[PDB]
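**Student:** Before we start, here is the structure in question, set down as structure tokens.
With ideal geometry, Cβ positions are generated from the backbone for all residues, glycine too; neighbour counts draw on all protein chains shown. Every number in this text was worked out from the coordinates using simple rules, so none of it is lab data.
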Amino acid sequence: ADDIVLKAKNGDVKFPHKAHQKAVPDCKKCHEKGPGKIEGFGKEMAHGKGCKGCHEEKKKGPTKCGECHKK
Ligand code: HEC
Ligand code: HEC
Ligand code: HEC
Ligand SMILES: C[C@H](CCC(=O)O)[C@H]1CC[C@H]2[C@@H]3CC[C@@H]4C[C@H](O)CC[C@]4(C)[C@H]3C[C@H](O)[C@]12C
């Protein structure tokens, strides 16, 4: 499958799966979550444990606006 881009108005956000599979070998961090996770994702989650928050806890991955958002 292909990577996806989240169409944030302030700038596209790329989600590179290969890097995540490698850096987060514990797949259950994202997969086999209960229902609601597709509907649930948004800016709140992204800026929280959905994206940025994991980067902060693991001490790797983009945490600055322009590192995720790019026109
Ligand atoms: C969240 C940060 C994830 C982690 C950790 C893992 N995966 Fe993932 N996966 C995630 C998304 C959002 C998607 C769909 C969008 C995309 O970029 O592909 C996927 C997709 C997969 C797939 C399909 C891949 C393909 O056919 O190219 C597989 C087989 C898959 N994910 C498995 C997988 C495994 C085995 C992981 C741990 C080792 C793993 N993923 C981590 C989100 C996230
Ligand atoms: C842990 C549970 C994570 C979640 C959820 C998300 N990301 Fe992540 N990401 C994580 C780590 C530990 C790393 C470092 C990978 C590396 O090899 O450097 C990353 C990396 C990224 C990157 C950069 C990829 C690269 O080639 O260096 C991007 C662009 C990125 N992450 C974006 C991103 C987004 C948009 C997420 C939510 C939709 C997201 N990540 C979730 C750990 C985790
Ligand atoms: C990656 C880890 C991110 C960082 C760091 C920042 N943002 Fe973000 N933001 C991210 C994603 C994946 C999304 C989309 C959520 C979704 O619904 O798919 C967003 C969203 C926004 C928005 C809203 C955009 C819209 O609704 O169209 C804004 C205004 C925004 N982000 C701004 C922003 C700023 C100023 C940041 C630094 C302070 C920042 N983001 C960090 C991913 C990530
Ligand atoms: C569930 C995990 C981990 C975050 C958490 O614990 O909630 C999160 C991390 C990345 C999230 C995905 C980001 C890309 C997509 C954004 C869409 O708007 C909703 C579906 C997708 C596919 C999201 C589904 C789910 O919300 C995921 C896989």
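**Student:** Which of the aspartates and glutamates could a cross-linker bridge to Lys58, judged by Cα under 12 Å and excluding same-chain residues fewer than eight apart?
**Tutor:** none
**Student:** In a shell of Cβ-Cβ distance under 12 Å around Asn10, excluding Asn10 itself, what net charge do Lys and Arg (+1) and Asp and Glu (-1) give?
**Tutor:** Within the 12 Å Cβ shell, the charges total +4.
**Student:** Sticking with this structure for a sec: How long are the three semi-axes of the equivalent ellipsoid of the chain, in whole Å, if each is the root of 5 times an eigenvalue of the C-alpha gyration tensor, listed from largest down?
**Tutor:** Output for the chain: semi-axes of 18, 15, 13 Å.
**Student:** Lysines near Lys64 by alpha-carbon distance under 18 Å, same-chain residues fewer than 8 away left out - which ones?
**Tutor:** Partners within reach: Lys7, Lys9, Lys14, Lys43, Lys49, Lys52.
**Student:** While we're on this one: Which whole-number percent gives the relative contact order of the chain, counting Cα pairs below 8 Å spaced six or more residues apart?
**Tutor:** This gives 36 percent for the chain.
**Student:** Suppose the chain between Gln21 and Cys65 were pulled fully straight at 0.36 nm per residue; how much longer would it get relative to their current alpha carbon spacing?
**Tutor:** 13.5 nm
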